[PDB]
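Note: the block below is run.txt and it holds compact mmCIF, C-alpha atoms.
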```
# COMPACT_ATOMS: atom_id res chain seq x y z
CA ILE A 1 85.48 -183.28 12.28
CA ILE A 2 81.92 -184.13 13.45
CA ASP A 3 80.55 -181.36 15.73
CA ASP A 4 80.02 -182.07 19.41
CA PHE A 5 76.45 -183.28 19.72
CA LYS A 6 73.48 -184.10 21.95
CA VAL A 7 71.47 -187.32 22.08
CA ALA A 8 68.04 -186.40 23.40
CA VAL A 9 66.32 -189.16 25.38
CA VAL A 10 62.61 -188.96 26.20
CA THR A 11 61.21 -190.94 29.12
CA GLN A 12 58.28 -190.88 31.51
CA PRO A 13 59.02 -189.28 34.90
CA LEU A 14 60.80 -191.04 37.75
CA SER A 15 57.44 -191.49 39.55
CA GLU A 16 56.08 -193.58 36.63
CA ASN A 17 59.08 -195.38 34.97
CA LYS A 18 61.92 -195.51 37.50
CA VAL A 19 64.11 -197.97 35.62
CA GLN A 20 64.01 -196.08 32.29
CA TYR A 21 64.51 -192.72 34.05
CA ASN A 22 67.48 -193.80 36.14
CA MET A 23 69.20 -195.72 33.29
CA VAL A 24 69.16 -192.54 31.14
CA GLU A 25 70.55 -190.57 34.10
CA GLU A 26 73.27 -193.16 34.53
CA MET A 27 74.23 -192.96 30.87
CA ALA A 28 74.27 -189.16 31.10
CA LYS A 29 76.83 -189.38 33.91
CA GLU A 30 78.91 -191.94 31.95
CA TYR A 31 79.08 -189.59 28.98
CA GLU A 32 80.01 -186.67 31.29
CA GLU A 33 82.99 -188.70 32.53
CA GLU A 34 84.04 -189.68 28.98
CA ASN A 35 83.96 -186.01 28.05
CA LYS A 36 86.63 -185.23 30.71
CA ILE A 37 89.31 -187.19 28.78
CA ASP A 38 90.44 -184.98 25.87
CA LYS A 39 92.19 -187.73 23.84
CA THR A 40 90.91 -185.67 20.01
CA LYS A 41 87.55 -187.13 20.97
CA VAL A 42 84.24 -185.81 19.70
CA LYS A 43 82.01 -184.89 22.68
CA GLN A 44 78.55 -186.28 23.30
CA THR A 45 76.02 -185.55 26.06
CA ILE A 46 72.56 -186.83 26.82
CA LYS A 47 69.65 -184.43 27.02
CA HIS A 48 67.06 -186.08 29.23
CA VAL A 49 63.54 -184.93 28.30
CA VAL A 50 60.81 -185.80 30.81
CA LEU A 51 57.24 -186.27 29.65
CA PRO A 52 54.36 -184.83 31.67
CA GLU A 53 52.73 -187.24 34.12
CA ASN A 54 49.86 -189.19 32.55
CA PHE A 55 51.05 -187.93 29.17
CA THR A 56 48.30 -189.58 27.05
CA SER A 57 45.89 -187.28 28.99
CA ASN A 58 48.20 -184.34 28.23
CA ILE A 59 49.17 -185.35 24.73
CA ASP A 60 49.76 -181.90 23.16
CA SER A 61 52.13 -180.72 25.88
CA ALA A 62 54.03 -184.04 25.53
CA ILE A 63 54.23 -183.68 21.75
CA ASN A 64 55.31 -180.03 21.90
CA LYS A 65 58.05 -180.94 24.46
CA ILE A 66 59.62 -183.26 21.88
CA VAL A 67 59.17 -181.05 18.81
CA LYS A 68 61.07 -178.15 20.43
CA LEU A 69 64.21 -180.37 20.40
CA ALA A 70 64.38 -179.52 16.71
CA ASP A 71 65.37 -175.92 17.62
CA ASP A 72 68.55 -177.11 19.35
CA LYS A 73 71.22 -177.22 16.63
CA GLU A 74 73.37 -179.65 18.64
CA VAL A 75 70.64 -182.34 18.96
CA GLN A 76 71.59 -184.97 16.41
CA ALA A 77 69.45 -187.91 17.60
CA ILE A 78 66.21 -188.47 19.52
CA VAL A 79 65.50 -191.68 21.45
CA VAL A 80 61.98 -192.17 22.86
CA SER A 81 61.33 -194.86 25.49
CA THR A 82 57.69 -195.58 26.59
CA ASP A 83 55.32 -198.59 26.37
CA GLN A 84 52.51 -196.11 25.60
CA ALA A 85 51.29 -194.79 22.22
CA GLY A 86 50.72 -191.23 21.10
CA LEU A 87 54.11 -189.61 20.48
CA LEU A 88 54.59 -190.62 16.84
CA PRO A 89 53.28 -187.30 15.41
CA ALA A 90 56.03 -185.56 17.38
CA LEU A 91 58.75 -187.51 15.60
CA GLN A 92 57.17 -186.94 12.18
CA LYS A 93 57.20 -183.18 12.81
CA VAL A 94 60.85 -183.26 13.94
CA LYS A 95 61.87 -185.13 10.80
CA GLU A 96 60.08 -182.65 8.52
CA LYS A 97 61.96 -179.71 10.17
CA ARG A 98 65.31 -181.54 10.67
CA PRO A 99 65.70 -184.49 8.23
CA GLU A 100 69.18 -185.34 9.59
CA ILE A 101 68.12 -186.08 13.21
CA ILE A 102 68.30 -189.85 13.83
CA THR A 103 65.06 -191.04 15.47
CA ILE A 104 64.87 -194.25 17.50
CA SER A 105 61.95 -195.91 19.32
CA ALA A 106 63.19 -198.00 22.24
CA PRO A 107 60.34 -198.86 22.66
CA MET A 108 57.30 -196.83 21.65
CA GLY A 109 53.70 -198.05 22.07
CA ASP A 110 52.44 -196.99 18.64
CA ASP A 111 51.39 -199.29 15.79
CA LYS A 112 54.56 -201.13 14.71
CA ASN A 113 53.98 -200.65 10.99
CA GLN A 114 53.54 -196.90 11.53
CA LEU A 115 56.70 -196.82 13.63
CA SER A 116 58.62 -198.52 10.79
CA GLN A 117 57.36 -196.00 8.20
CA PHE A 118 58.01 -192.82 10.24
CA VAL A 119 60.86 -193.53 12.72
CA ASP A 120 64.41 -194.39 11.56
CA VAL A 121 65.31 -197.28 14.00
CA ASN A 122 62.75 -199.25 16.00
CA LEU A 123 63.60 -201.62 18.82
CA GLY A 124 61.03 -203.59 20.76
CA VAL A 125 59.77 -206.93 21.93
CA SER A 126 57.54 -209.43 20.13
CA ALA A 127 54.96 -211.08 22.40
CA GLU A 128 54.85 -214.05 20.01
CA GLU A 129 58.58 -214.64 20.06
CA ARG A 130 58.65 -214.13 23.89
CA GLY A 131 56.05 -216.90 24.29
CA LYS A 132 57.96 -219.34 22.13
CA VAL A 133 61.25 -218.73 23.96
CA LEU A 134 59.69 -218.90 27.44
CA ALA A 135 58.11 -222.30 26.55
CA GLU A 136 61.47 -223.60 25.24
CA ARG A 137 63.49 -222.31 28.21
CA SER A 138 60.94 -223.90 30.55
CA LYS A 139 61.40 -227.26 28.70
CA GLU A 140 65.22 -226.93 28.93
CA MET A 141 65.01 -226.46 32.69
CA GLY A 142 63.19 -229.80 33.04
CA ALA A 143 59.53 -228.66 33.20
CA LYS A 144 56.96 -231.47 33.02
CA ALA A 145 54.05 -228.97 32.82
CA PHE A 146 53.70 -225.20 32.22
CA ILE A 147 51.08 -223.42 34.41
CA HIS A 148 49.89 -220.00 33.01
CA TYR A 149 48.04 -217.62 35.38
CA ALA A 150 46.13 -214.50 34.17
CA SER A 151 42.67 -212.98 34.77
CA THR A 152 40.12 -212.81 31.92
CA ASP A 153 40.60 -209.00 32.01
CA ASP A 154 44.38 -209.56 31.59
CA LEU A 155 43.60 -211.62 28.47
CA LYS A 156 42.03 -208.45 26.86
CA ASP A 157 45.56 -207.04 26.56
CA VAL A 158 46.66 -207.97 23.02
CA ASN A 159 50.26 -208.77 23.98
CA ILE A 160 49.29 -210.95 26.97
CA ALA A 161 46.83 -212.83 24.67
CA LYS A 162 49.36 -213.20 21.86
CA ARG A 163 52.11 -214.46 24.20
CA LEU A 164 49.67 -216.92 25.74
CA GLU A 165 48.71 -218.26 22.29
CA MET A 166 52.34 -218.79 21.30
CA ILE A 167 53.23 -220.40 24.67
CA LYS A 168 50.37 -222.88 24.11
CA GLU A 169 51.33 -223.68 20.52
CA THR A 170 54.99 -223.99 21.35
CA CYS A 171 54.24 -226.27 24.35
CA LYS A 172 52.20 -228.45 21.96
CA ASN A 173 55.08 -228.71 19.48
CA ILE A 174 57.65 -229.65 22.18
CA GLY A 175 55.52 -232.06 24.21
CA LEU A 176 55.17 -229.86 27.29
CA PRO A 177 51.79 -230.17 29.01
CA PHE A 178 50.19 -226.74 29.22
CA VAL A 179 47.66 -225.69 31.89
CA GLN A 180 45.77 -222.38 31.60
CA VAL A 181 44.27 -221.10 34.85
CA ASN A 182 42.00 -218.07 35.14
CA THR A 183 42.75 -215.89 38.16
CA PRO A 184 40.17 -213.45 39.68
CA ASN A 185 39.86 -210.05 38.00
CA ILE A 186 41.48 -207.28 39.99
CA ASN A 187 38.91 -204.47 40.14
CA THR A 188 39.79 -203.08 43.58
CA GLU A 189 42.70 -203.50 46.04
CA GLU A 190 40.57 -206.01 48.00
CA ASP A 191 40.82 -208.35 44.98
CA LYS A 192 44.61 -208.59 45.29
CA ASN A 193 44.51 -210.69 48.47
CA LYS A 194 41.83 -212.87 46.76
CA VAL A 195 44.27 -213.36 43.87
CA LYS A 196 47.10 -214.21 46.30
CA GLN A 197 44.91 -216.81 48.07
CA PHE A 198 43.73 -218.21 44.75
CA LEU A 199 47.30 -218.57 43.46
CA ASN A 200 48.63 -220.18 46.61
CA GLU A 201 45.91 -222.81 46.65
CA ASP A 202 46.08 -223.54 42.90
CA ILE A 203 49.89 -223.83 42.83
CA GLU A 204 49.76 -226.37 45.66
CA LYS A 205 47.25 -228.32 43.53
CA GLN A 206 49.41 -228.25 40.42
CA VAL A 207 52.46 -229.55 42.36
CA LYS A 208 50.37 -232.44 43.79
CA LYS A 209 49.26 -233.34 40.26
CA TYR A 210 52.63 -233.14 38.48
CA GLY A 211 55.29 -233.09 41.18
CA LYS A 212 57.66 -230.19 41.67
CA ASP A 213 59.20 -230.17 38.15
CA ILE A 214 56.74 -227.75 36.60
CA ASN A 215 57.18 -224.18 35.41
CA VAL A 216 54.85 -221.58 36.90
CA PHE A 217 54.26 -218.27 35.13
CA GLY A 218 52.19 -215.16 35.85
CA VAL A 219 51.49 -211.96 33.97
CA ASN A 220 52.25 -209.13 36.44
CA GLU A 221 54.63 -208.27 39.27
CA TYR A 222 52.03 -208.99 41.96
CA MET A 223 51.65 -212.57 40.61
CA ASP A 224 55.44 -212.83 40.25
CA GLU A 225 55.82 -212.08 43.95
CA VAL A 226 53.31 -214.76 45.07
CA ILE A 227 54.81 -217.28 42.57
CA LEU A 228 58.48 -216.75 43.47
CA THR A 229 57.69 -216.78 47.21
CA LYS A 230 55.84 -220.12 46.90
CA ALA A 231 58.67 -221.52 44.68
CA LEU A 232 61.04 -221.23 47.66
CA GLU A 233 58.73 -223.58 49.61
CA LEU A 234 57.66 -226.11 46.92
CA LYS A 235 60.87 -225.90 44.83
CA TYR A 236 59.33 -225.75 41.42
CA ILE A 237 60.61 -223.87 38.37
CA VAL A 238 60.13 -220.18 37.52
CA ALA A 239 61.89 -219.77 34.18
CA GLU A 240 60.83 -216.08 33.95
CA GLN A 241 58.91 -213.29 35.70
CA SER A 242 56.08 -211.63 33.74
CA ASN A 243 58.91 -209.37 32.59
CA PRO A 244 62.44 -210.49 33.61
CA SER A 245 64.02 -208.02 36.02
CA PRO A 246 66.65 -208.41 38.77
CA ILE A 247 65.46 -205.23 40.48
CA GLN A 248 61.66 -205.83 40.52
CA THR A 249 60.25 -208.35 42.99
CA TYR A 250 63.42 -210.52 43.31
CA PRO A 251 65.04 -208.43 46.04
CA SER A 252 62.03 -208.54 48.37
CA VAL A 253 61.46 -212.29 47.69
CA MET A 254 65.10 -213.29 48.31
CA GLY A 255 65.57 -210.93 51.28
CA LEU A 256 68.03 -208.57 49.56
CA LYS A 257 68.44 -204.81 50.21
CA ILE A 258 69.63 -202.98 47.08
CA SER A 259 71.10 -199.49 47.68
CA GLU A 260 70.05 -196.59 45.46
CA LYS A 261 73.62 -196.65 44.14
CA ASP A 262 73.53 -200.37 43.22
CA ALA A 263 69.97 -200.18 41.77
CA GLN A 264 71.21 -200.23 38.15
CA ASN A 265 74.18 -202.56 38.82
CA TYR A 266 72.40 -205.60 37.35
CA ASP A 267 75.46 -207.91 37.41
CA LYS A 268 75.93 -207.34 41.15
CA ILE A 269 72.20 -207.81 41.83
CA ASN A 270 72.31 -211.06 39.81
CA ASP A 271 75.26 -212.41 41.82
CA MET A 272 73.37 -211.57 45.00
CA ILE A 273 70.25 -213.44 43.74
CA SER A 274 72.39 -216.48 42.83
CA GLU A 275 73.94 -216.62 46.29
CA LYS A 276 70.48 -216.63 47.87
CA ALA A 277 69.23 -219.23 45.34
CA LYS A 278 72.21 -221.49 46.30
CA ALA A 279 71.46 -220.97 49.97
CA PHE A 280 67.75 -221.75 49.50
CA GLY A 281 68.23 -225.01 47.53
CA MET A 282 67.06 -223.30 44.32
CA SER A 283 70.02 -223.56 41.94
CA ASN A 284 69.02 -224.03 38.32
CA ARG A 285 65.30 -223.41 39.20
CA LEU A 286 64.98 -219.65 38.53
CA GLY A 287 65.76 -217.66 35.41
CA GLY A 288 65.67 -214.28 33.70
CA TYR A 289 67.81 -212.01 31.53
CA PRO A 290 71.14 -210.29 32.37
CA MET A 291 69.15 -207.03 32.61
CA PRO A 292 65.55 -205.86 32.33
CA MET A 293 64.29 -204.92 28.90
CA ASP A 294 63.18 -201.51 30.37
CA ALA A 295 66.90 -200.82 30.92
CA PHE A 296 68.38 -202.61 27.90
CA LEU A 297 66.33 -201.03 25.09
CA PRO A 298 67.03 -197.38 25.99
CA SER A 299 70.72 -198.10 26.81
CA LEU A 300 71.19 -199.95 23.49
CA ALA A 301 69.36 -197.14 21.62
CA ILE A 302 71.61 -194.48 23.19
CA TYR A 303 74.82 -196.39 22.25
CA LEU A 304 73.51 -196.93 18.71
CA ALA A 305 72.54 -193.28 18.24
CA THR A 306 76.02 -192.18 19.44
CA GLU A 307 77.77 -194.62 17.09
CA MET A 308 75.53 -193.60 14.21
CA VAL A 309 76.25 -189.89 14.70
CA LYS A 310 80.02 -190.43 15.16
CA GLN A 311 80.25 -192.70 12.10
CA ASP A 312 77.60 -191.01 9.89
CA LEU A 313 75.44 -194.18 9.65
CA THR A 314 71.79 -194.43 8.68
CA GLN A 315 69.05 -197.05 9.37
CA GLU A 316 70.29 -199.24 6.47
CA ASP A 317 73.75 -199.59 8.07
CA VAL A 318 72.60 -200.69 11.53
CA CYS A 319 69.19 -202.39 11.14
CA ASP A 320 70.42 -205.97 10.60
CA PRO A 321 70.30 -208.84 13.15
CA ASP A 322 74.04 -209.74 12.86
CA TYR A 323 75.07 -206.11 13.23
CA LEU A 324 72.87 -205.54 16.30
CA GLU A 325 73.88 -208.83 17.96
CA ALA A 326 77.59 -208.06 17.51
CA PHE A 327 77.06 -204.47 18.79
CA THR A 328 75.24 -205.91 21.83
CA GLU A 329 78.25 -208.19 22.55
CA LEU A 330 80.58 -205.20 22.10
CA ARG A 331 78.70 -202.80 24.37
CA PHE A 332 77.13 -205.17 26.96
CA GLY A 333 79.00 -208.52 26.74
CA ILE A 334 75.72 -210.41 26.49
CA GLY A 335 74.11 -212.62 23.83
CA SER A 336 70.91 -211.70 22.11
CA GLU A 337 68.75 -212.49 19.09
CA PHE A 338 67.22 -209.81 16.87
CA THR A 339 64.39 -210.46 14.42
CA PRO A 340 62.98 -208.06 11.82
CA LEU A 341 59.21 -207.26 11.91
CA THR A 342 58.99 -208.47 8.34
CA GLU A 343 61.69 -209.03 5.73
CA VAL A 344 60.73 -205.68 4.18
CA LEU A 345 60.28 -203.77 7.50
CA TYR A 346 63.92 -204.32 8.40
CA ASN A 347 64.11 -201.13 10.48
CA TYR A 348 61.91 -202.63 13.23
CA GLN A 349 63.87 -205.25 15.14
CA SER A 350 62.56 -207.21 18.10
CA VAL A 351 65.00 -208.65 20.61
CA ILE A 352 65.17 -211.49 23.12
CA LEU A 353 68.19 -211.56 25.44
CA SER A 354 70.17 -214.68 26.31
CA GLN A 355 68.97 -216.65 29.25
CA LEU A 356 70.39 -216.17 32.71
CA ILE A 357 69.83 -218.98 35.20
CA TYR A 358 70.40 -218.05 38.84
```
Encoding of this model in structure tokens:
Amino acid sequence: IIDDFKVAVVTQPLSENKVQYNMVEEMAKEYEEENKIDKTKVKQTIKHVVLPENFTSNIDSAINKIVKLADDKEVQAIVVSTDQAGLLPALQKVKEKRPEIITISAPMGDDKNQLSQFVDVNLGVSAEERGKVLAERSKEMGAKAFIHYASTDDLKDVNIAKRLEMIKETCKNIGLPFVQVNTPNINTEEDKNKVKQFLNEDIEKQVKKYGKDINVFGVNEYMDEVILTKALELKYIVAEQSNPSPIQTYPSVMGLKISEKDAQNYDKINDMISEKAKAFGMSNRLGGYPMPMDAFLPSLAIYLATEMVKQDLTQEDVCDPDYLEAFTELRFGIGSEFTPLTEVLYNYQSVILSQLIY
């Protein structure tokens, strides 16, 4: 009989990462409800650990906060979810004190090779593979050109650069004209309205050149807003936001009001977006995923940790694309594709979710 256990989940605070924070809280409540039904079931709860604000500037307090979890005898797994780097030493120290604690990045911002060496299960996104799939999904939706918008400062970000490179290469392989357009650098808030004006004028130009069957893509939520808004008028294609999310940007663009209680009900949000898309003459023009990656990775990691503790599994048992795809169908009812970092670094798996078209 496996002891009742805790799955500790580390996120940034609500003020910084609302989606991650609230998904963990939601899963906590789910597990509380499960624990009310006696049959005998093993009991699991989530311990939500909140990092200090601006944690990279308060790195020792953030690290210490995690390492203390090792003192709690009931903690049997630790999941860490942040796009930022710095917390890896914390998980090394936990593992040295408590070898049996299952550690999972979902995601972490640290070097991916280091993550593979020192953390048991690693889940993330590959900018390269994202680029390839976004180019293909654009093609499948009937795009006759792909317009990519980003500032030269944006292109300093290694993942933005890498995704761009793979979109361009993929577009070349599949005969999709690719157009790269440099947007003004955003150094102050004043620059935002300059970016908005720039985008509006350039998009009009691109539609005059190619006609409306082009895909338009930007690299942040502010661009996504301008792009989706203009799409309603010119009726072009937006295969994906910078990062696909039903809850970010879509609700304001489509004129939806999502209650605090529905904020994590992604299926209901998606139905609401499709109704508006139908009403606005935009069916089969707008895409995404069934849920944002900021919600999926930590929710998948929690379910995996729980299964691993209940079934006494280790990284070798679960870190396999077929296993993780089937488990995703089981727990979410969605399709996915998982790819190892390298054939040898099997315990780092990147994921792309199946397409949703509104």
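Interatomic distance, atom CA of residue 23 of chain A to atom CA of residue 295 of chain A: 6.1 Å.
Neighbouring residues of residue 64 of chain A at 10 Å or closer, counting only C-alpha atoms and skipping chain neighbours under 6 positions away, are residues 87, 89, 90 and 93 of chain A.
Minimum atom-to-atom distances from A:291, A:104, A:216, A:28 to residue 243 of chain A were compared using only C-alpha atoms, and the lowest value belongs to A:291.
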Next item on the list: Give me, please, the distance in Å between atom CA of residue 80 of chain A and atom CA of residue 107 of chain A, quoted to one decimal.
Entry: 6.9 Å
Note to self: One number please: atom CA of residue 79 of chain A to atom CA of residue 313 of chain A, in Å, one decimal.
What the structure shows: 15.6 Å
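Around the point (65.0, -204.1, 45.8), within 12 Å and counting all atoms listed in the file, we find these residues: residues 19, 245, 246, 247, 248, 249, 250, 251, 252, 253, 254, 255, 256, 257, 258, 259, 260, 261, 262, 263, 264, 265, 266, 269, 270, 272 and 273 of chain A.
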What would the file look like if the residues just selected were written as a PDB file, in the coordinates of the input with C-alpha atoms?
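Just written: selection.pdb:
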```pdb
ATOM      1  CA  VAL A  19      64.110-197.970  35.620  1.00  0.00           C
ATOM      2  CA  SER A 245      64.020-208.020  36.020  1.00  0.00           C
ATOM      3  CA  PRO A 246      66.650-208.410  38.770  1.00  0.00           C
ATOM      4  CA  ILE A 247      65.460-205.230  40.480  1.00  0.00           C
ATOM      5  CA  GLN A 248      61.660-205.830  40.520  1.00  0.00           C
ATOM      6  CA  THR A 249      60.250-208.350  42.990  1.00  0.00           C
ATOM      7  CA  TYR A 250      63.420-210.520  43.310  1.00  0.00           C
ATOM      8  CA  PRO A 251      65.040-208.430  46.040  1.00  0.00           C
ATOM      9  CA  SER A 252      62.030-208.540  48.370  1.00  0.00           C
ATOM     10  CA  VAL A 253      61.460-212.290  47.690  1.00  0.00           C
ATOM     11  CA  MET A 254      65.100-213.290  48.310  1.00  0.00           C
ATOM     12  CA  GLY A 255      65.570-210.930  51.280  1.00  0.00           C
ATOM     13  CA  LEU A 256      68.030-208.570  49.560  1.00  0.00           C
ATOM     14  CA  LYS A 257      68.440-204.810  50.210  1.00  0.00           C
ATOM     15  CA  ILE A 258      69.630-202.980  47.080  1.00  0.00           C
ATOM     16  CA  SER A 259      71.100-199.490  47.680  1.00  0.00           C
ATOM     17  CA  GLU A 260      70.050-196.590  45.460  1.00  0.00           C
ATOM     18  CA  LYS A 261      73.620-196.650  44.140  1.00  0.00           C
ATOM     19  CA  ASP A 262      73.530-200.370  43.220  1.00  0.00           C
ATOM     20  CA  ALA A 263      69.970-200.180  41.770  1.00  0.00           C
ATOM     21  CA  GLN A 264      71.210-200.230  38.150  1.00  0.00           C
ATOM     22  CA  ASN A 265      74.180-202.560  38.820  1.00  0.00           C
ATOM     23  CA  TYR A 266      72.400-205.600  37.350  1.00  0.00           C
ATOM     24  CA  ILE A 269      72.200-207.810  41.830  1.00  0.00           C
ATOM     25  CA  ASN A 270      72.310-211.060  39.810  1.00  0.00           C
ATOM     26  CA  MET A 272      73.370-211.570  45.000  1.00  0.00           C
ATOM     27  CA  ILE A 273      70.250-213.440  43.740  1.00  0.00           C
TER      28      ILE A 273
END
```
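Of the listed residues A:331, A:168, A:73, A:235, the one whose atoms come nearest to residue 283 of chain A is A:235, with distances taken using all atoms listed in the file.
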Note to self: I'd like the contact shell of segment 316-327 of chain A - 12 Å cut-off, only C-alpha atoms, skipping same-chain residues fewer than 6 positions apart - returned as a ChimeraX atom specification.
What the structure shows: /A:102,104,116,120-123,297,300-301,303-305,307-309,333-354
Next item on the list: Measuring atom to atom with all atoms listed in the file, identify which of A:76, A:114, A:206, A:81 is nearest to residue 101 of chain A.
Entry: A:76
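Residue nearest residue 176 of chain A, chosen from A:110, A:213, A:16, A:38 and counting only C-alpha atoms: A:213.
With only C-alpha atoms as the atoms that count, the residue of A:12, A:222, A:42, A:61 with the shortest distance to residue 189 of chain A is A:222.
Counting only C-alpha atoms, the residue from A:2, A:286, A:232, A:14 that sits nearest to residue 143 of chain A is A:286.
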